Asker: 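Just dropping this structure here.
Proteins come first, then strands; the chains are lettered A, B, ... in the order of their sequence lines, and each starts at number 1. Scope of the values below: all heavy atoms of this structure, side chains included, with no hydrogens, waters or symmetry mates.
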Amino acid sequence: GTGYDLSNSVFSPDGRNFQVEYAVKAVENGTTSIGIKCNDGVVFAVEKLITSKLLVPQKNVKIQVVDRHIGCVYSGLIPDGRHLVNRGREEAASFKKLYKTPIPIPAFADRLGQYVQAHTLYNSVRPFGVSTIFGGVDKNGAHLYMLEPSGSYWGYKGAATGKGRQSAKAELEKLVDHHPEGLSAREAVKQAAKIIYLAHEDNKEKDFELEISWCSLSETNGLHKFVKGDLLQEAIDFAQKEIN
Amino acid sequence: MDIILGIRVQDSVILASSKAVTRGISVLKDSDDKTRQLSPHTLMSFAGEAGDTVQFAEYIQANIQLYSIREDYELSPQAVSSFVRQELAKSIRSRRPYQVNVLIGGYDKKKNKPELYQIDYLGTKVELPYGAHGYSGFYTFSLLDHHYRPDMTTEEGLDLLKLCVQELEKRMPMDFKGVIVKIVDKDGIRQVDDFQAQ
Amino acid sequence: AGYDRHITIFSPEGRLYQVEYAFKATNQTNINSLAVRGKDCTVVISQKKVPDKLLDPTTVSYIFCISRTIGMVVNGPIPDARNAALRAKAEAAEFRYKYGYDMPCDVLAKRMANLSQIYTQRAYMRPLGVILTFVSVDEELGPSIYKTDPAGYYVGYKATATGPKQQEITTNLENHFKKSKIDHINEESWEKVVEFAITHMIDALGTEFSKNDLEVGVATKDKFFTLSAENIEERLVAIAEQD
Amino acid sequence: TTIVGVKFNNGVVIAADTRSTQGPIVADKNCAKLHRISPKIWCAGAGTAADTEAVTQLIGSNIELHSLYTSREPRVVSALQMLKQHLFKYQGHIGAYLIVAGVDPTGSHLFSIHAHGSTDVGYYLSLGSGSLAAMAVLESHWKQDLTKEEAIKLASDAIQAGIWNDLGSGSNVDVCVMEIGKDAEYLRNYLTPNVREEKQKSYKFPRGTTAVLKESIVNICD
Amino acid sequence: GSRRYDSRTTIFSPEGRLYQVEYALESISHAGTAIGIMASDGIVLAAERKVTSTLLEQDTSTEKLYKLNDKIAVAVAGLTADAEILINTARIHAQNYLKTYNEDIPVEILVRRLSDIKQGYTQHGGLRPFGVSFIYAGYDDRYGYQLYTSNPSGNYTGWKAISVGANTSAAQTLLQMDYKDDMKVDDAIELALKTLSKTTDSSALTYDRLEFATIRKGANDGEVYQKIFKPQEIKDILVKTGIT
Amino acid sequence: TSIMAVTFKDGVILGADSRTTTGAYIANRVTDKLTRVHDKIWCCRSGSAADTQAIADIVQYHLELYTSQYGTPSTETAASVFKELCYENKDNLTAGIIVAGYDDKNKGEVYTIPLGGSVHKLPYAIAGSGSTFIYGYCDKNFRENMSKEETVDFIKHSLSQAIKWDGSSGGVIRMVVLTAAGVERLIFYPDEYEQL
Amino acid sequence: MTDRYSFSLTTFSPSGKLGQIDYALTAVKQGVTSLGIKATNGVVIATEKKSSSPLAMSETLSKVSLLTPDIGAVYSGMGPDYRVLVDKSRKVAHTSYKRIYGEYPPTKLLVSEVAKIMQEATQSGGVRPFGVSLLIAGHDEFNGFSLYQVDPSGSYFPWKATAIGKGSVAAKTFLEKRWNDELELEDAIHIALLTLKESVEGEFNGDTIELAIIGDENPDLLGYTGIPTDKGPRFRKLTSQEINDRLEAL
Amino acid sequence: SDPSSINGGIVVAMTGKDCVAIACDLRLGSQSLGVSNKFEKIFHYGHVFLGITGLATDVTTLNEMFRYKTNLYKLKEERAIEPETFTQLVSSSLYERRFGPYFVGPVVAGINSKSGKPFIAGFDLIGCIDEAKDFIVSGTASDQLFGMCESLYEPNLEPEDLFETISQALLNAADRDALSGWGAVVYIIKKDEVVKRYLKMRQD
Amino acid sequence: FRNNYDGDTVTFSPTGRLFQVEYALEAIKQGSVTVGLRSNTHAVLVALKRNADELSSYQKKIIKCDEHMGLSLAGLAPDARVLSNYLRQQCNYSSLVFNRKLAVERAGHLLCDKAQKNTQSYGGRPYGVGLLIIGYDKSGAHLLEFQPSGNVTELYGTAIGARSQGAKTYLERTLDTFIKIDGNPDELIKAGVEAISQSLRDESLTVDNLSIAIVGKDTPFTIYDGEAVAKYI
């Protein structure tokens with residue numbers, strides 16, 4: 001019959017979970033955000049629509065840090081995103097407390113993964129309405145990941161989600177082909193600013209604000225930090241130039 | 001301790017209980033009735049710890065009366081004493097055990113015979129022709145072992161008690177301020193208001 | 001009344017649609033896997049299809065190391081796949097701690113199978129849309145293949161296959177055994193058994209593979225490990241010099 | 001109590017005396033201190049009688065269930081782990097001291113467990129108040145590679161050392177042999193070196209000697 | 001959430017009726033007939049075995065008559081499994097009473113408790129009720145021989161003669177037609193068998209399809225006795241009453 | 001008990017006597033106080049046999065599960081699980097534990113976890129009732145990055161002295177060598193070390 | 001999270017039926033045939049091992065399970081439900097009997113425990129009934145040999161002989177004709193093999209058939225000697241070879 | 001202080017030829033104060049007998065518990081419980097209270113109705129089973145009883161002889177114990193009949 | 001359509017919407033208008049109090065949370081009491097435990113997370129009230145806009161409630177002006193009253209109908225009602 005999409009943990013006759021797929025709709029409807037993995041770290045960037053002049057510039061920070069070496073950005077229901085980061089922070093704290101060592105990015109990924117997957121197992125909960133891009137530097141290098149409402153996640157060279165996910169992916173694939181030797185943290189930052197500017201066309205109606213953060217072994221000492229001031233404006237200029 | 005005596009004669013059970021209530025250096029009351037009627041033909045006397053005593057007697061009274069209303073029937077004295085022993089036996093291994101000893105005197109209307117049960121705070125129950133809790137037993141058991149007969153009349157029983165009370169007023173250390181005597185028989189429970197000189 | 005199709009209760013036919021639909025989800029990944037037993041090793045092969053160029057191929061896998069000796073290959077979506085893997089690892093570590101010896105492959109299978117049986121009887125738990133193939137060289141039973149489905153069913157196999165083209169691979173293997181008359185690959189080295197597996201995978205599916213089209217796991221006495229793109233390449237080159 | 005364990009070339013054997021006590025009184029002159037956890041896993045227990053028995057049955061029961069669930073022969077290590085973790089959970093309040101031995105798919109095994117939960121492994125072990133008398137014999141005659149017959153003699157001699165020199169020990173010697181390829185053989189009262197001599201007189205009383213007050217029949221039928 | 005699949009087993013109908021109770025009774029109506037007849041010197045229990053075969057081991061079988069106490073027994077009509085659940089708690093209840101008061105449990109007290117349990121599944125918990133009806137036959141020194149009946153609702157009443165299960169209407173009419181206050185046990189035994197005989201949906205009323213029990217005070221003693229007839233004992237009594 | 005762990009040029013070596021007592025009685029004269037919690041992370045146990053066994057058994061379980069999920073654990077991580085167990089349960093434990101492991105990047109590492117539950121990373125550490133007697137000896141004879149042979153000798157000498165003065169120590173001296181080369185078990189007998 | 005299915009999934013329909021249980025019964029009907037035959041000196045229970053792939057090793061799976069050394073079980077319906085029911089049954093024989101009286105429970109009582117477990121799955125909140133029917137055969141000192149059937153409802157009955165599953169009707173009719181109160185175990189076994197042959201489509205040999213018996217005590221299967229009172233289990237599963245030998249005298 | 005010496009009392013059981021005997025005193029006191037001379041310590045469930053020494057309250061409780069359990073056992077098993085089985089029931093019931101035990105010294109006696117074999121068993125307060133072939137003693141005069149039994153006893157005594165022997169053991173043991181005596185009852189048990197006798201003894 | 005996906009907050013509509021949250025958001029639109037704006041030295045709230053009858057009182061729209069923080073509400077009054085009371089506890093905890101005044105930005109995050117929890121679990125309902133929060137902390141003056149969806153936003157000014165679009169456009173127009181009104185609370189308030197009046201229709205703001213609050217540099221959050229707001233009408 002029908003009605004296989006009214007309750008969460010339900011399998012449709014073709015083996016799908018519609019509630020999860022509907023969650024994806026909330027994600028695709030969101031702001032575009034990306035992740036670029038450079039040769040010794042990762043760069044995060046996101047689109048901040050300016051609903052009105054009333055929003056204080058530089059004030060509603062989207063990117064979030066977990067512990068001191070991990071960065072998180074997501075598209076969709078912001079509140080759902082914060083909720084997931086809170087779980088990540090507890091998750092990272094519990095790992096460190098027992099094993100002493102700050103949580104390895106791969107282990108962190110599965111921690112978020114099992115949690116998000118858990119929200120597709122019962123009808124008493126709703127799946128997460130966000131796709132999240134996160135990563136950092138650990139004992140064995142840099143790692144970039146993207147997690148879907150289904151709980152699915154994999155490691156990426158470049159990742160994008162949201163409204164302009166297609167432009168971004170197109171651009172990220174270009175970078176990959178033109179840089180088999182790797183991209184540097186400095187370059188990833190500029191390129192990130194560009195990809196966001198380009199992907200902003202699928203929303204060219206409202207004006208936006210750029211936000212970038214990065215975690216690089218050589219640039220930030222493996223710690224997660226926001227790209228501010230001159231390095232930021234410099235990236236904005238590099239984008240504003242190639243947008244024309 | 002306080003005096004708690006019970007003696008079962010031919011057709012009734014007689015309970016005598018000291019009237020004194022002493023706290024430390026002062027006797028606070030001299031007319032205290034250490035008894036609760038559990039049902040029209042079942043009377044219970046008690047002695048022990050300052051608060052547990054009444055809390056336990058009343059708790060049981062409430063339960064027996066509740067049983068009476070629900071079943072519109074009066075439990076036999078044997079059944080009541082068993083319920084009481086069970087409650088004390090639970091108590092002994094609880095966090096704060098009831099420190100109460102009791103005598104249960106009842107008239108079994110079905111068997112038409114009086115019954116006397118002695119039960120201590122440990123849940124030790126025994127049926128006897130006569131019993132006592134506390135130090136009284138040390139003077140009254142051999143007394144009654146001498147002057148007691150099964151077929152005695154209620155009047156004979158009261159004289160048997162007078163004999164016990166006198167011995168207690170002569171040899172016991174404390175001034176228990178006399179006793180209150182009650183009789184349980186086929187017609188219920190009544191108090192012998194004239195024993196202060198019977 | 002028409003809800004006997006949304007949770008795990010019986011339909012008038014005595015069926016459990018949610019369990020059936022779960023089985024359906026197992027093919028979602030469009031990948032086939034197969035396992036065979038050697039003289040004293042066990043091999044599992046699984047297709048690997050990493051389409052997106054933005055992905056890091058090294059982080060994509062449906063094969064798991066549950067314990068020093070147990071390997072698990074999963075046919076089904078990765079999130080349910082990982083939920084199952086984490087559970088099995090937990091079950092494996094606990095068993096060792098409580099009973100003093102390594103959990104046998106068949107015992108872990110029964111335990112995971114029982115767990116699945118529960119999602120089949122309790123309403124608030126949904127079945128996992130995955131089929132689990134566990135392998136090892138048991139200290140008591142030798143090479144072992146045990147597979148469990150969303151119905152809480154499991155059994156031991158001489159060899160087995162799972163995925164969209166399961167039937168093709170199964171009959172192929174069936175035939176080879178009807179021929180050899182033995183219930184295993186009479187080969188001493190695991191490399192040759194891995195080669196046998198990939199060879200018959202190619203025959204049954206009618207397709208050629210590159211080092212990045214497969215995923216391989218091997219179980220030997222006291223150790224289960226996965227092969228690297230290169231280990232595989234070396235394996236592929238070998239089958240090439242026979243055809 | 002004197003219990004011992006001794007490994008030989010193809011298995012393990014355990015033994016024990018049969019005395020039970022309450023202070024200076026013998027409670028049981030012939031109790032069995034040898035318990036079966038599974039067909040080929042036996043346990044010699046010392047300490048608080050009821051505790052050794054109860055913990056032995058509990059783990060034995062769980063071993064049977066585990067065996068059925070895994071379709072495998074129980075292993076001595078499993079009994080060892082289940083026992084120790086149980087005893088540890090109880091911070092030594094369960095006064096059990098045991099020697100657990102047996103043969104399983106991995107070979108022959110000899111262990112000991114203390115009330116607090118620590119375990120030991122060895123080729124020869126002894127526990128109980130007769131512990132020292134027994135161990136002195138073992139430390140005096142044990143050698144590597146003993147035959148089933150030699151092992152039984154050594155173990156049995158050790159138990160006797162306790163029976164004769166330890167007031168907490170006495171009566172008979174029980175033994176159980178666990179050989180790698182055969183059924184375990186439990187030898188209850190393998191030795192009975194303390195049979196009471198014939199009494200000097202019979203104290204059978206002439207009927208009517210006891211004064212009776214009253215008599216009656218008892219109803220057993222419902 | 002779950003609310004979607006909640007049948008709500010404990011609610012009133014617009015007519016102020018309890019659905020599940022009604023439906024449970026509807027289930028009982030198809031169960032083998034059970035009859036209880038009380039005489040001056042005893043009580044009789046007789047039930048018809050629903051579904052039987054050549055291969056059914058009757059000597060070891062019991063699906064309608066259960067001993068609860070030494071002075072109390074019950075006849076069951078409905079789900080046997082559901083009855084066993086209740087039966088076992090009734091057995092415990094009687095022993096608890098005995099342990100507490102050192103006196104056998106008065107028949108009504110046992111019946112009221114069991115009825116209270118049924119009543120509960122009717123007012124709270126969202127669980128289905130027990131699909132069972134009991135005929136209680138017992139003796140105590142306060143009311144002598146007693147006959148009670150309890151059904152899924154948790155209500156109970158006393159009877160001189162009664163039936164539960166199938167064809168109760170026909171059976172009740174036949175009983176209300178030949179019952180006499182001054183009956184003797186043996187009289188009741190015959191009335192019981194005759195009624196079943198006329199209500200039976202089966203060809204003939206043979207011993208292999210019956211369970212029988214009596215509670216008589218065997219004069220040569222002074223105590224009451226429960227007797228759950230054996231296959232042969234029923235085969236005998238059947239020939240005597242004239243049903244061969 | 002006399003136990004110690006020493007880092008050297010190629011890794012680390014653990015050593016221990018083999019005596020377990022119940023009063024003045026030697027319940028076991030051939031005890032193995034060197035316990036494995038991971039392929040190349042071992043520990044030396046002292047204090048309560050029951051307590052250290054129960055703790056080691058649990059740490060091993062935690063590291064096994066850790067490995068299943070995130071690969072090989074560092075020596076530091078193992079010392080952390082021990083420490084967590086020892087600190088959190090300090091009121092009911094009597095476990096003096098030394099943690100030693102060999103890592104390819106860090107080479108040899110030693111962490112001592114005394115009674116209170118604190119952790120201390122050192123070049124080498126000594127513990128057990130017998131340790132008190134060799135504080136001066138060990139402080140005067142230890143050198144960093146000694147060779148496998150020099151280290152085995154340092155431990156053999158140190159522990160023979162500990163065994164000599166402490167009645168709670170004795171039997172054979174056991175050692176476990178941890179290097180990139182693998183795991184080597186060593187055993188020395190009274191006739192050999194007593195006359196050093 | 002948290003199971004919010006605290007209400008019954010099996011309720012009464014207006015007709016008075018309990019659907020979920022009827023449906024469970026239906027699932028049992030679709031299952032492979034299994035049967036039980038009681039003799040004067042033993043009981044036999046058997047079923048067909050319906051291999052679900054020639055690559056699967058049917059020995060790795062047992063439809064006939066030992067519950068206690070004198071009690072065995074077989075079924076028809078959903079194998080996974082049966083499997084967990086076996087684990088619970090072995091455990092309950094311990095937790096509710098052996099640990100109390102130090103002896104295994106008599107056949108009727110264990111059956112009683114199992115039956116209860118099934119009844120609960122018929123009324124407790126959030127669950128469906130078990131989709132299986134069981135045939136339990138055993139022996140105990142004061143009751144001798146017995147054979148029981150337990151349905152998804154929790155109901156159970158004693159039998160002389162019977163069958164459940166796919167071709168139960170035909171099988172039962174056949175057993176009624178051959179059974180008598182004088183059968184010896186070997187006779188029952190023979191009759192069992194004959195009855196099963198009708199219900200088997202393809203191959204019929206010791207590898208596609210599974211059969212066990214509850215007969216004399218097997219001291220040889222004890223695993224130890226020394227205790228006179230311990231004589232060995234009465235339960236014994238026949239070997240493939242043992243089956244083929246009897247198939248030749250079919 | 002010692003719960004096992006508050007009330008006093010003793011029990012003893014003996015095996016004979018196709019018979020078993022179990023006896024007890026009738027005293028129930030409180031320290032020095034003798035209170036009741038009718039406190040019997042022997043009970044029975046079907047054909048199985050149980051004597052219990054120790055704290056009176058626990059003696060009564062265990063009796064009520066075993067009646068409760070043996071009654072359900074009969075309902076479910078459809079047969080009376082046997083001595084060997086009952087012994088296990090007693091043992092596990094006691095150990096269930098391992099760390100807050102009943103202060104009693106149980107003694108089981110009876111004839112297995114199927115084997116006809118005579119059976120006696122003793123227990124410590126937390127359940128340790130002592131199954132003797134000759135005799136079992138328990139109570140505040142257990143030392144005296146061990147002395148009497150180890151001396152007076154001999155195997156296969158006829159019911160009439162066993163009665164004399166078990167009575168002499170009990171009587172003389174109780175007379176050396178201030179907390180035992182005050183009357184006594186003896187049970188002679190055979191497959192078909194059970195005789196109860198109240199002995200005449202000192203009353204001091 | 002919608003009717004099949006709006007029965008609770010644990011259900012997504014086929015387009016990714018959460019109707020129960022949306023219906024909650026509606027309650028705010030039906031509420032009385034309230035404005036919030038700030039300069040670099042002060043933050044102000046202006047609210048229109050609604051009354052039932054002319055015999056009833058005007059329900060309070062402003063709630064003080066701490067000496068440096070407070071808010072105005074639009075929607076279900078009870079839910080505002082619950083949320084403001086929780087904001088008070090968080091302010092309190094920050095002081096007691098850390099001897100630290102809770103930053104407005106943190107209060108916003110805490111509020112967001114609290115609201116969120118009631119949009120992903122069965123049985124709970126979203127909050128049906130909007131909140132404007134003003135405060136003065138170690139980073140100056142602040143204004144936050146809280147929606148029941150859990151979205152909290154920092155702005156220079158804004159307005160919620162019925163006909164709020166009026167005041168909002170006006171503030172979006174006056175921006176460069178009011179944001180510079182430092183050191184003069186009276187001016188900032190008048191800009192607030194001018195903003196709110198841009199959302200009037202029914203009547204005109206009276207003395208027992210207007211509600212104003214302010215917080216700043218050396219000004220503890222203080223509410224003004226009745227006669228106190230007279231000098232502004």
Asker: Let me confirm one number: the NZ-CG distance from B/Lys125 to E/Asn102, rounded to the nearest 0.5 Å.
Answerer: 6.0 Å
Asker: Determine whether more than 12 heavy atoms belonging to other residues, nucleotides or ligands lie under 6.0 Å from atom CG of B/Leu66.
Answerer: yes
Asker: Is the number of heavy atoms from other residues, nucleotides or ligands under 6.0 Å of B/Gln198 CD greater than 12?
Answerer: yes
Asker: Tell me if the centroids of the rings in B/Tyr67 and E/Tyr101 come within less than 6.0 Å of each other.
Answerer: yes
Asker: Near E/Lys180 NZ, under 6.0 Å, is it more than 12 heavy atoms from other residues, nucleotides or ligands?
Answerer: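 Enclosed: over 12 neighbouring heavy atoms sit under 6.0 Å from NZ of E/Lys180.
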Asker: Non-hydrogen atoms of chain E under 4.5 Å away: do they reach the side chain of B/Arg70, the backbone, both or neither?
Answerer: both
Asker: Would you indicate whether the side-chain heavy atoms of E/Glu103 and B/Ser76 approach each other to under 4.5 Å?
Answerer: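 Yes, close enough: below the 4.5 Å cut-off.
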Asker: Does atom CE of B/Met174 have more than 12 heavy-atom neighbours, drawn from other residues, nucleotides or ligands, at distances under 6.0 Å?
Answerer: no
Asker: Contact part of B/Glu71 toward chain E, heavy-atom cut-off under 4.5 Å: side chain, backbone, both or neither?
Answerer: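 Contact with chain E involves both backbone and side-chain atoms of B/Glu71.
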Asker: Please identify which of these residues, B/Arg85, B/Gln86, B/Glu87, meets the side chain to side chain donor-acceptor pair (under 3.5 Å) condition with E/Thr100.
Answerer: B/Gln86
Asker: Report the distance from atom NZ of E/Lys99 to atom OG of B/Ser82, rounding to the nearest 0.5 Å.
Answerer: 10.5 Å
Asker: Does atom CZ (E/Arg112) have a neighbourhood of more than 12 heavy atoms from anything else shown, all under 6.0 Å?
Answerer: yes
Asker: Would you say OH of B/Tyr121 has more than 12 non-hydrogen atoms from neighbouring residues, nucleotides or ligands within 6.0 angstrom?
Answerer: no
Asker: Identify the residues of residues 44-59 of chain B whose heavy atoms come closer than 4.5 Å to a heavy atom of chain E, ordered by number, or report 'none'.
Answerer: none
Asker: Find out whether B/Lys110 and E/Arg142 are in side-chain contact, i.e. whether some heavy atom of one side chain is under 4.5 Å from a heavy atom of the other.
Answerer: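 B/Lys110 vs E/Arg142: side chains apart.
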Asker: For B/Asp32, look at atom CG and say whether over 12 heavy atoms of other residues, nucleotides or ligands are found less than 6.0 Å away.
Answerer: yes
Asker: Would you say that more than 12 heavy atoms from the other residues, nucleotides or ligands in this model lie under 6.0 Å from the NZ of E/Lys230, or not?
Answerer: no
